[PDB]
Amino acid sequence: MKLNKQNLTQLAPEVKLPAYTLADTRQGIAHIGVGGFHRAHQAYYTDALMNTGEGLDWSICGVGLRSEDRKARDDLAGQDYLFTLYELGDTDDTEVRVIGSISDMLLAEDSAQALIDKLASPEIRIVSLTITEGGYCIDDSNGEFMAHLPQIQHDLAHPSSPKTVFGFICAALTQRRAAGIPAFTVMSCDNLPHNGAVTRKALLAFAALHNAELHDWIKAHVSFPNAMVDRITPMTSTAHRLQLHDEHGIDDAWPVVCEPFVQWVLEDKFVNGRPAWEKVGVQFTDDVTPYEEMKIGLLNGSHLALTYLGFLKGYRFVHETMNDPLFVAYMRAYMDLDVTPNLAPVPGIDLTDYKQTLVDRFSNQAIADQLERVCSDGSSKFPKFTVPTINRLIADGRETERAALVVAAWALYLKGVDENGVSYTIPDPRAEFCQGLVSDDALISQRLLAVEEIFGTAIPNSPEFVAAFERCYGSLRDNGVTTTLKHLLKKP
């Protein structure tokens, strides 16, 4: 049965449906970057709220800034913007549900002015973001905005025909301001420590490139709440689409698969209101930092620790790494010895229990999360997920070898051949550049570790870290992943 408004009431009985009248909803959120995570997290909670009969004026208008986004728009439009959220997990606590909280989706390429007009509409009160970990154009080492990027210079030169996220937000804010319409909140839903502060730094820096007056008005009228967001969401696959049809009878052109667990912790800093998400499990706090350091350092950090070694070993799913005891032991040693000592207490959460739940969640066999997905964009992920932990170990004079192995694994992985002799390409926005850094084994540590916007300055200047990196890399190249882990694990 094709999913659409006509067949909504004709689906299998186990399929959960929106409880609200789809036609009564109105838009309040414009979301930039309509991918799997947005649909399985923000759209999911917004749909849940609407099912309680509240927040019907907070429907989401998706926004696609890239040509690849046309396919999402077409697929959703062909189903009256409905899509299936398909939970997969090793227990029965999984549900299949049709989500109705996204009511439209605009593509910048169809008309920049139509998109600016949507973003400047008074009913749109929050502009949310999933533009990836490296989408903010802020150098972690020195905190500066990359003003010299081509697309950034283009937007400064043609402010009414922007291409970038900051260009569209600025154009919309100036148009609202000219019409006497209040600003919206900009709500980052990407995985970065202090993601709201980063969003603010970037937008303000870009605004200052226009003038101080605009930079100052945005600083005083727009809020940028920080948040921790969590829900494992694999890439779309034909197998999952066929499984949804086989098991629940729905023909969905683009369902979103995700794990049952979901979490959202947010600072309540909204200038123009927000849905009452707290009624459906979203947690507001006065300080999200402990939550963000906990989740990014342990979950996202462990994902990088497993993914490159896993890919080299020939594994292709996260659960496969979890079926290898050496990988589980390595992950636990990384979490227990390297990350945990750096964490401040997190209200309402026991870290020992939490670490165990990460092992359980990564061990989900039914979800089939692709190592290609977790591996992707390491150039942007390392400074967010792993380097902060390494810097602390270096400053403390603590053992860096487990953390260095993650970087050594990435370096060998960049050569593009796994242990089964299979050649693969690198899904990274800076693939060519990174691959060139590892072309000469004799110069790898000197060249790879010297990229400041990825590794910072403590790493290349630490003889202890450099030594750990070099021996890990040599060991992986010569003895392979398994033996390297065996040796590392028999280490106090």
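When you see a residue number, it is the position in the sequence shown, counting from 1.
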* **Mean temperature factor over C-alpha atoms, higher-scoring stretch between 300-308 and 245-253** => 245-253
* To do: Output the stretch having the higher mean C-alpha B factor in the entry; the candidates are 139-147 and 381-389.
  => 139-147
* **Maximum C-alpha temperature factor, selected from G314, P159, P341, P225** => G314
* At the C-alpha atoms, which of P290, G167, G421, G273 reaches the highest B-factor in this entry? -> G421
* Classify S111 as lowest, middle or highest third according to the C-alpha B-factor given in the PDB entry, relative to its own chain. => middle
* Asked: Hey, what third does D190 fall into on Cα B-factor, ranked over its chain?
  -> lowest
* **Chain third (lowest, middle, highest) by recorded CA B-factor, residue given as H154** => highest
* **Assigned third (lowest, middle, highest) for the C-alpha B factor of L49** => middle
* Asked: Which third of the chain holds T91 when residues are ordered by C-alpha B factor: lowest, middle or highest?
  -> highest
